[PDB]
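Chains as they are written, first to last, in the entry's author numbering: chain A, -2 to 175; chain D, 1 to 175.
Ideal Cβ positions, reconstructed from N, Cα and C, are used throughout, including at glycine.
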Amino acid sequence: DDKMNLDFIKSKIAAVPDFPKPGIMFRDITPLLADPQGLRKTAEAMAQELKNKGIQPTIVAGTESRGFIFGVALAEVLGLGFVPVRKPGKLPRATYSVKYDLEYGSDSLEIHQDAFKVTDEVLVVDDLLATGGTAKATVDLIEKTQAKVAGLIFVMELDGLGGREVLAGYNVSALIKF
Amino acid sequence: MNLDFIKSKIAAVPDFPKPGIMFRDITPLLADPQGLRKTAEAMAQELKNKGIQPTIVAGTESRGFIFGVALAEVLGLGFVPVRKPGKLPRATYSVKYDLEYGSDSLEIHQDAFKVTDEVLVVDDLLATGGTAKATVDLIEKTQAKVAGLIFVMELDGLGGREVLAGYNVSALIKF
Ligand SMILES: Nc1ncnc2[nH]cnc12
Ligand SMILES: Nc1ncnc2[nH]cnc12
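Set out below in structure tokens:
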């Protein structure tokens, strides 16, 4: 049944050549999203992996924006709250901020200082693990609140781009690997 | 009781983004373990009370992805992201909307909807309606139909509803 669910999720991810630049094979979640069971089966597969691993978060965090999609769907399945990790300048009350490296330049993410209780074990959700830059900035952000990271889970991991190493010391799951 | 619960988790924040504006902050609603499911359930009740039976949900990047996903799940429907520019990888339609100064765009994949779809737009807030109207227009470039638009919140007097003249508009709460 787990292979079967995983095969369904895999069967809805398109591969798109040369996007956003030449040479990059883009992994496209839109057909998964569009299917009436796509999000639900994805979030149920995520819950199964977490259960297998004994990971029991208290709340879910997602980054702007595809963290919002899968994070909200997973939060629903687990009966948990959700916290947005936003681009800078969007959150209205006091925030923490963490800068991360891009190929050229840098950027930041923020969370409300009060987003997590100090007893929270936070599950980070996102679509795709590549370099792990925004995932690590997310972990740092959570830790600023004094809450603890329960783990990180992705729909997809890109083999060999170093994300999982960047996230050493944290439990990392990914449903599909490319 | 349900609407009151949702209202009670939308914090009022003075002077954001700038002196004078009263910001309506959904974060405490999102953090509550029942905030999103209650919100989605209240939206689904509204749509049944108005006879709107969409075939697919479109959520506006980025807070419409939050409420859109939640409501799509309650409805048993699929979800289409309406995205900021340069994010969707396949052939897209594009529509411009006005910002304070200059403009920006929203995109959808040209294959996101069929001619037979009846699309529900979901977003957190109806303010000027700039983005919501661009979304309607995107939808209509596919020749699918707009079933309706639903928002958590509507800001009274900013003209949003009027910009969306001719479409079925619902908002859970008016501020
Ligand atoms: N190759 C890729 N496909 C889809 N999303 C991405 N985000 C970063 N790299 C990506
Ligand atoms: N006043 C407001 N409060 C919350 N979100 C908004 N988006 C635009 N105006 C807003």
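- Between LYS145 of chain A and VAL119 of chain A, the CB-CB gap stays under 9 angstroms.
- One thing to note: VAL80 of chain A has its Cβ within 9 angstroms of the Cβ of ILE108 of chain A.
- Three or more Cβ pairs closer than 8 angstroms define a contact, and the stretch 85 to 93 of chain D meets that threshold against the stretch 12 to 29 of chain A.
- One thing to note: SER103 of chain A has its Cβ no nearer than 9 angstroms to the Cβ of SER94 of chain A.
- When the alpha-carbon of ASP25 of chain A is set against those of A:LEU36, A:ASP32, A:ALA11 and A:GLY35, the nearest one is in A:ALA11.
- By the CB criterion at 9 angstroms, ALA132 of chain D and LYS96 of chain D fall outside the cutoff.
- The residue from A:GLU162, A:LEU126, A:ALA147 and A:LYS9 with its alpha-carbon nearest to that of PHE113 of chain A is A:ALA147.
- Judged by DSSP in its simplified three-state form, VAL136 of chain D adopts helix.
- Residue-level contact check: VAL69 of chain D touches chain A, since one or more beta carbons of chain A fall below 9 angstroms from its beta carbon.
- Excluding its 5 nearest sequence neighbours in each direction, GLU100 of chain D has no C-beta neighbour in its own chain below 6 angstroms.
- Taken in chain order, the whole beta strand (DSSP E) runs of length 3 or more contained in the stretch 17 to 61 of chain D are 22 to 25 and 56 to 60.
- The straight-line gap separating the alpha-carbon atoms of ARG161 of chain D and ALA165 of chain A is approximately 50 angstroms.
- Proximity of chain D to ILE56 of chain A at the Cβ level (cut-off 9 angstroms) is accounted for by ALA31 and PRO33, in chain order.
- The shortest CA-to-CA distance from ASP111 of chain A to any of D:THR27, D:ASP111 and D:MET22 is the one to D:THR27.
- The C-beta of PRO89 of chain D comes closer than 9 angstroms to at least one C-beta of chain A.
- Placement of the Cβ of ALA132 of chain A at a distance of 8 angstroms or more from every heavy atom of ligand 1 is found.
- Against chain A, the CB of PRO81 of chain D has a partner CB under 9 angstroms away; the residue lies at that interface.
- Relative to ligand 1, the nearest heavy atom lies less than 8 angstroms away from the CB of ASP124 of chain A.
- In this chain, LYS145 of chain A is not harboured by any alpha helix (DSSP H); it is covered by the beta strand (DSSP E) spanning 145 to 154.
- Comparing alpha-carbon positions, the option among D:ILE139, D:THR128 and D:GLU46 lying closest to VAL121 of chain D turns out to be D:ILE139.
- Remark: the C-beta of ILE21 of chain D is in contact range of ligand 2, defined as less than 8 angstroms to any heavy atom.
- Collapsing the DSSP output to three states places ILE173 of chain D in a strand.
- Taking non-hydrogen atoms of ligand 1 into account, the C-beta of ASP25 of chain A is found less than 8 angstroms away from one of them.
- Rounded to the nearest angstrom, the Cβ distance from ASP124 of chain A to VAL152 of chain A is 5 angstroms, consistent with a contact under 8 angstroms.
- Inclusion of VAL74 of chain A and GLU41 of chain A in the CB contact set at 9 angstroms is warranted, their separation being smaller than that value.
- The beta carbon of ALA132 of chain A sits no closer than 9 angstroms to any beta carbon of chain D.
- Listed in chain order, the non-local C-beta contacts of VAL13 of chain A below 6 angstroms within the same chain comprise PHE23 and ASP25, local neighbours out to five positions each way being set aside.
- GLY68 of chain D sits in a helix when the DSSP states are folded into three classes.
- Under the DSSP assignment, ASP98 of chain D falls in the beta strand (DSSP E) whose first and last residues are 92 to 98.
- The Cβ atoms of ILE150 of chain A and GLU46 of chain A sit closer than 9 angstroms to each other.
- Inclusion of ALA127 of chain A in the 8 angstroms shell around ligand 1 follows from its C-beta lying nearer than that to a non-hydrogen atom of the ligand.
- Between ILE6 of chain D and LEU29 of chain D, the CB-CB gap stays under 9 angstroms.
- Short note on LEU88 of chain D: C-beta not closer than 8 angstroms to any heavy atom of ligand 1.
- Here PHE65 of chain D is near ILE66 of chain A, since their CB atoms are less than 9 angstroms apart.
- Proximity to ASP137 of chain A across A:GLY35, A:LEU158, A:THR92 and A:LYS50 peaks at A:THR92, based on C-alpha coordinates.
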